[PDB]
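What follows is a single chain, given as structure tokens, in the form deposited without the named molecule.
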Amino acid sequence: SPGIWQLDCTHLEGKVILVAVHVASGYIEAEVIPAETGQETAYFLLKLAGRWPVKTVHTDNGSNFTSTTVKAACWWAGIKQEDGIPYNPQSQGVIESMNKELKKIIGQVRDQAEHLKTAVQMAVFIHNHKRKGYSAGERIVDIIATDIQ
């Protein structure tokens, strides 16, 4: 479905990378944060929903599902907050693979960037433009445009 996103939190070095995946397309947005708190997650969701039509978010863990600050942001931005339980078991594997791919790209750009946050945004760029042949960026626009029409 065009409005469904999944939250994904992965760790690298001693730092936290928060990722939102548009499920139907594989398109992502991502940020480096000092730690995964309710407040950080809330702010990330607010940014995402202002930029794409976020209808449903599958949260990455129970703490963010429970967080009153995350719930407030979801209320504010008109997002249905749901769990991220992989009722289809292949969901876990897809997310795992993406985290590996992302860390691999981060490794490939580390001669070019002084800070992790730059490397992560380089990885977002490369991931979203990668032709698999359409790109994830092409797919999300097509999916949403078709829905509007």
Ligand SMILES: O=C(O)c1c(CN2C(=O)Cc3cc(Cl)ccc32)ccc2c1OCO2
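In this text, residue numbers run from 1 along the sequence as written.
Across the other compared structures of the same protein with both neighbouring residues present, residue 137 carries coordinates in every case, with no third of them leaving it out. Counting the unmodelled positions of the deposited sequence between residue 132 and residue 133 gives a gap of 4 to 9 residues. Per-stretch averaging of Cα B factors for 42-50 and 66-74 places 66-74 on top. In this entry, 92-100 has the higher mean Cα B-factor, the comparison being between 92-100 and 30-38. In the deposited coordinates, the residue among 22, 139, 15, 127 with the greatest CA B-factor is 15. In the PDB entry, residue 148 places in the highest third of its chain by CA B-factor.
In the deposited entry, the Cα temperature factor of residue 85 sits in the top third of values across the chain's modelled residues. The PDB entry assigns residue 112 a C-alpha temperature factor belonging to the highest third of its chain's modelled residues.
Just so you know, the form deposited with the named molecule bound exists too; it's not on screen, but the next bit is about it.
The closest heavy atom approach of residue 82 to the named molecule in the entry with it bound falls outside 4.5 Å. Within this chain, residue 86 is remote from the site of the named molecule in the entry with it bound, having no heavy atom within 4.5 Å. For the stretch 23-52, the set of residues having any non-hydrogen atom within 4.5 angstroms of the named molecule in the entry with it bound comprises 23, 25, 26, 28, in sequence order.
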